[PDB]
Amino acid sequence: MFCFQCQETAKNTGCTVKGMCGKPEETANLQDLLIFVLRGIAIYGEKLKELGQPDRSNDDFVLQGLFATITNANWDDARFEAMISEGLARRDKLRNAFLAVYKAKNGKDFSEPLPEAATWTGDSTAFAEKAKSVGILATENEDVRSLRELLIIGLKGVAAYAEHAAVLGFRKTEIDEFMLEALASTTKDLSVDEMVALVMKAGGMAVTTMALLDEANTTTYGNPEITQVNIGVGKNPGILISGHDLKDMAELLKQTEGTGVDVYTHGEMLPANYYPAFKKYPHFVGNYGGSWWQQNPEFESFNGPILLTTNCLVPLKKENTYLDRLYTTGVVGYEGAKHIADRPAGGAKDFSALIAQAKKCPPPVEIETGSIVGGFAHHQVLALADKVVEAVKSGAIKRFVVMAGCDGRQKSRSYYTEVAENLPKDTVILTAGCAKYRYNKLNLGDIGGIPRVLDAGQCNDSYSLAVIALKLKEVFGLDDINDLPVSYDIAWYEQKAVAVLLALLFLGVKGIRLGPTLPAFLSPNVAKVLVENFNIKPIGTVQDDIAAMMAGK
């Protein structure tokens, strides 16, 4: 196999036998075949737009197909076979529509050479073998491979956020059009300038999509606000909801109300605690456990059903017993886990089986007590702008350090904890995404009532951090966002984090430290471009990086 799209890729080079995440050969290869079929859809969908007859009927299928191939999203080979088969059928529908429109506009049959992604077909028995030859290693030039895969990796991150927006009824044609432009581009022979421009365009579409998801989430559930979140437990059976999808949360809360089953969040659902629409339910207890990579023992000890709305779902250990109460939904899949089907238009998912099972379960094991404070998204922080700016001006707050992003399991990640612990006491950490779990249960206190860790929310709520930085740029009358007293020490893990990074590069943020290692999918020459254009940096020692950041370097 060959996969290198996440931080934990083997030898920081590529997973070749079995993924470090657990993804086996067969699954990895099926994901490659799905992306190949998506490129085929893209080739005809882009041509139909160019002819003036765009067909948007595959928008959601494309988002969902890309999302299903994100790290720790979907482990169910039968789901990938179904998506490949359905993708071939959708592709051929687009092909036949394109052939007819082309013939009408040109007075002759289409006869131009097309990439294999546009024309190959087979039944599911053919998938495993074909999959071997249509993966990443089919592109041998290292710079073409690097810029095509960087584009697809950021694009999948954008697709995940676009899917959450779409679930909530928010869509923009430019996003779905770009999915096909970007996919199709990876079958074309393009100059380096053209390939780099597409990656930067992906960063601008990450800005568009992150803004759209921020609009979707806050229009539907309110602006996040300062909240103290219990991390202890109650004495009722519960359901634990994990991943990122807030509409699933809204429906689970409504369905569990009055049933005697409590709701708990996990992982990237912690920010559901911050939204006014959800704070109104008394049976919403708080947040259980820690980061995604700790979920085997914590899903076990939770005792009730667990609902994965998105990644990260990690394979069970052999001694884990919770498969019978593990539920997937959305693009998530796992062999042997019960899947909650998509809601129909104008309808709701049905979580009744989780509720019935919960009542047969013991209450959660308490693994810690106390609280986490959060809800500092853009409306809440701008509400405090005068106090924050006074603190800057008085020197009470010397610097902000953005430590947003995505966590993972490697030991080197203790760096982020150590940076948080060792930063001077007149600094404030800004965070979003599960990278927060390296430092959100410390006792760093506050500065004149402003907490020293400000959690804006999910990794997508890195959007709020950019909005805050742009506002402060204007308040301080600066010509360059980089001259703010803000440093960026971002942790990444999978493809959403990469989308966030590309958004920040599109916004002109330079000097970012990215870790705990750099992507395997940057060739030497592509790494150099990003260094020359954006001064991206690897992490160094805790003491060295703190001292450089405090100097604005």
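The numbering used is simple: start at 1 and walk along the sequence shown.
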Of 46 to 54 and 511 to 519, the stretch with the higher mean C-alpha B-factor in the deposited entry is 46 to 54
With B-factors read from the PDB entry, the higher C-alpha mean of 26 to 34 and 481 to 489 is in 481 to 489
From the entry's CA B-factor values, the highest among 249, 82, 190, 326 is 190
The largest CA temperature factor among 422, 295, 321, 230 is found at 422
The third of the chain into which the C-alpha temperature factor of residue 359 falls is the highest
So, residue 234's CA B-factor, relative to its chain, sits in which third? The highest
Of the three thirds of the chain ranked by Cα temperature factor, residue 156 occupies the lowest
Chain thirds by Cα B factor, record data; residue 451 belongs to the highest
Assert third(CA B-factor, residue 531) within chain per record equals highest
